[PDB]
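The chain below stands alone and is given as structure tokens, in the form deposited in one PDB entry.
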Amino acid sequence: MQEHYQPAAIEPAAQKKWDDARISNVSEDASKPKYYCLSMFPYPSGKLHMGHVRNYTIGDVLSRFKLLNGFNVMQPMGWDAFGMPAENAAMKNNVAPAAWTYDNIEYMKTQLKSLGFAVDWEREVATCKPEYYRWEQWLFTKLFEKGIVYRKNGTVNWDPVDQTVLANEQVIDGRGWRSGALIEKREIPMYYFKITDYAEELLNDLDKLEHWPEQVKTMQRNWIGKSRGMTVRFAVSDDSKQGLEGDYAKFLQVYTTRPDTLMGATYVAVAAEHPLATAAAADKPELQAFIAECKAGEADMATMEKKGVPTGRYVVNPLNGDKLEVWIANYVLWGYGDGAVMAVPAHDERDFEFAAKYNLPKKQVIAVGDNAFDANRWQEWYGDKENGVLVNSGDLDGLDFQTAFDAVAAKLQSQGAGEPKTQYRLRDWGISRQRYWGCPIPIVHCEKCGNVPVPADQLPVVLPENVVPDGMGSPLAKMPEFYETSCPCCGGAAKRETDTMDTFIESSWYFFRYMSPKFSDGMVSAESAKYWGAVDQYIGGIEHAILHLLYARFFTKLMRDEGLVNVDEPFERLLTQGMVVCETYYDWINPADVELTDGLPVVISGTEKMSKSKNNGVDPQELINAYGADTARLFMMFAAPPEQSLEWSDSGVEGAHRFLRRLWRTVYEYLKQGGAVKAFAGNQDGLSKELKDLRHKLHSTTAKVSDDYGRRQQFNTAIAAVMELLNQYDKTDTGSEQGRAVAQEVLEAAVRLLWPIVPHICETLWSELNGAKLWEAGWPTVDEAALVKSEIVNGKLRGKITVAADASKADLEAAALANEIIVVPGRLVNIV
């Protein structure tokens, strides 16, 4: 054995060994229990970041842990290759997004390989490849025919100068990011997934995810935003009919989730586009100007100032006769149902602020205990939906929320003035992107037949990769060699859709493609979907906790309903790794290039998440080059729990390295002192106290690491536990024949316990210790016998009893009360 730890030498040799044994290239082996461990696949945007490495090391520790326990582990990787990063790289550097993408894939994959993750590179996918996206085109066509995907006009932000559709992330104060020109709102036909048809399924199925973080489930519940409420109609008054036609002449309709407060309404509010708004804004230009301000302006709703103007029109509350004025209010949106709401200032906080601004009335209709009500100050309990009881509500006084709900539902229904209704904040999923580098939408536009889907055997619609976009509209709409085609229905001349898909589509089903990424007759082969089932463990950042996860669960249910898979939920367990943060320097300098206290130094600034913004993300390549993959993986698993933020630390990197030198040194000095022997096993009576204690430390450590890997998923404490065993080992004379056998038992366990964290050094040290295959020896066992510890009358002594080392004060006093009560354990039990 070489005396000194050389990671730059041991690490490539170990990866070659693993690659040559194909331990990570798995099949659908029915003679082994499957384990599907998945880390969120990256955008190939150039080079791996330190955050990447943390995410993917975590996935690797869990995959390697399951593999040592005999599982058939699939840990796939791949490239979420479509989207804007490549388009800007095309604009900025005069190159095709495809070739820029494959260049990045090559570099990053080599980076990922050098970290030694146990990945099935035979299941790699690149989502920008026709091989992949043809199947999401296929699914699009099948759902389009069912109406699950549909086409209708939607609003986009048009920049008149750049001549391109803008996302709201690029419209700043109403103007184009790279232009400042005033943005126009234009109607254009776009494609949508009817995700609202699955809202109830997507909500209730969260209850099945017992192994998801509760906050992630809460974020999804709040996004779907289900509410059970009441449709309520207020008959338009006799004096307020001018210009009103149809049903709008008859009643103002409203959705409320608090119909138990209907007797406390003091006004109503309609959107600027509501017919009662535009009808009262005829002889009243003051309202015409407010209506103008509104369509000029959920994201900003909380932050914005709530404004309204009176209307002079009136409606009648169907429950208590009251005639209440309508208002036009900027907070009422035209499209979220009725476009009109009631207002109960005494029990809704926004209605309170609105009514306090304009001095509008507020009427208590709910009291909570003896809580004092004061109309001039809002208190949290005004909105209490659980401990309130109805006040000033005549026939409803004394009821609680649900009974009043059911009562007003019965009253309104019996008078025809309302009915219960379920609403959702969830909107349909808009697919269309007016950009180049993304999956083409498989629709052909024909003047006779309409918009028609591309037949299955004509898929894929191939995206031309010989394209350099220039931010002046999508190049596809200027490429007749792409959009000119024939109609698949009638054969006449026709045009391809030139919009591309939301790149969330690719990441909504890639976990299924991984099961059979060369299947050519469908999204995923039946045989593979049956074997792998669902992802047992998913690891990714919290920024994807809402949209990506909801889209992925939605696609899972769509694919199941198509008979392609037989699971309801894609991800069983979910782990959210914390960010990696790092000091900043300064414009801004990368930390690997600084005068750490060119010539005059820089300013040591603040610590924040590694990013391009402040140029503070350390290249994991400089870290691998300088210390090796195992030091990188060890540092990140040791510094903090995986969920906590990780602070970049030079001394922490050094400390991980020195610990690996120590592990190396410990094994060498053991084999220097007499070579390998058979590890201690079996009954341990006759072993010395010192060796019994070391074996106790050993098997306690195996139990704790197994729990930390398996149940708690806290790897930093697992490493600390293995450090304590080594410290104990260092304080133990293991020179005797029995001592050498226990020493071999300790080092053989420690090397396997750490193998998921630092597999290169542990693989190398293991083969110096033992001649078997490490993955066939498997995860260390807990020897329960090693955990059992040895056993330890009014004055004059009268007997003696054998006690368990874990016997409580009640057991000493019990055994004392049985031999032929003050108790000092280990010494005497004295019965007065």
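Residue positions are given as counts along the sequence shown, with the first one as 1. Rigid core here is just the name for the largest C-alpha set that superposes within 1.5 Å across the two forms.
The discussion below concerns the form deposited in another entry, not included here.
Enquirer: Overlay on the rigid core first, then point out the one of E145, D283, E210, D521 whose CA is displaced 2 Å or more between the shown form and the other one.
Expert: Everything else stays below 2 Å; the exception is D283.
Enquirer: After fitting the rigid core, is the C-alpha of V468 off by 2 Å or more between the shown form and the other one?
Expert: It does not, since the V468 C-alpha is displaced less than 2 Å between the shown form and the other one after the core fit.
Enquirer: Does the distance between the two CA positions of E187 reach 2 Å or more between the shown form and the other one, the core being superposed?
Expert: The answer is no, as the C-alpha of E187 shifts between the shown form and the other one by less than 2 Å after core alignment.
Enquirer: For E305, is the C-alpha shift between the shown form and the other one 2 Å or more after core superposition?
Expert: Superposed on the core, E305 moves its C-alpha 2 Å or more between the shown form and the other one.
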